[PDB]
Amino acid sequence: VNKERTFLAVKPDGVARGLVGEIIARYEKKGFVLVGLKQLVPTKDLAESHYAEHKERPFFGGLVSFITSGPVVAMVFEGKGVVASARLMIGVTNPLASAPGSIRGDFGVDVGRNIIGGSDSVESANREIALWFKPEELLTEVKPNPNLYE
């Protein structure tokens, strides 16, 4: 449906490099609606829950340590196929292999400093949204631009 939602986190590197506005603008221009937005410094608990699927992996510690190393801009966007579209707009895991035009393709070089990370699926998105945002922090009335949907 056109009410699908995804969670996007502009990580510490993205925030430190002043790419917050650039990124938000790309999603606004696309037609997706911002239903949740806030800057915070993630706690270790939040970080470990966010990357829970990788808890047994060697790089787990580094992922958690980095996303908690500084301010992060957390956001939720709503729109048709937003989860898959947001991932396409970001690029692939490795910024160097991402095509120009994509966020990582235009601004990143390292996998561990890949600027932003979005939900990999609807299931993960619903899980992440509930983890990072309280219900009261999410819009309940969403009406995009009627020129966007048939």
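Each form is matched to the other, and the largest set of C-alpha atoms that superpose within 1.5 Å is called the rigid core. From 1 onward, residues are counted along the sequence shown.
Of 136 to 144 and 15 to 23, the stretch whose C-alpha atoms sit farther from the shown form in 4 other deposited structures of this protein, after fitting on the rigid core, is 136 to 144.
Annotation: of the segments 53 to 61 and 39 to 47, 53 to 61 departs further from this form in 4 other deposited structures of this protein (C-alpha atoms, root mean square over structures and residues, core superposition). Of the two stretches examined, 141 to 149 and 3 to 11, the record assigns the greater average C-alpha temperature factor to 141 to 149. Stretch comparison (58 to 66 versus 106 to 114) by mean CA B-factor in the PDB entry places 58 to 66 on top. The PDB entry assigns its highest CA temperature factor, among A52, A125, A84, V92, to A52. Going by the entry's values, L46 shows the largest Cα B-factor out of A97, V33, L37, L46.
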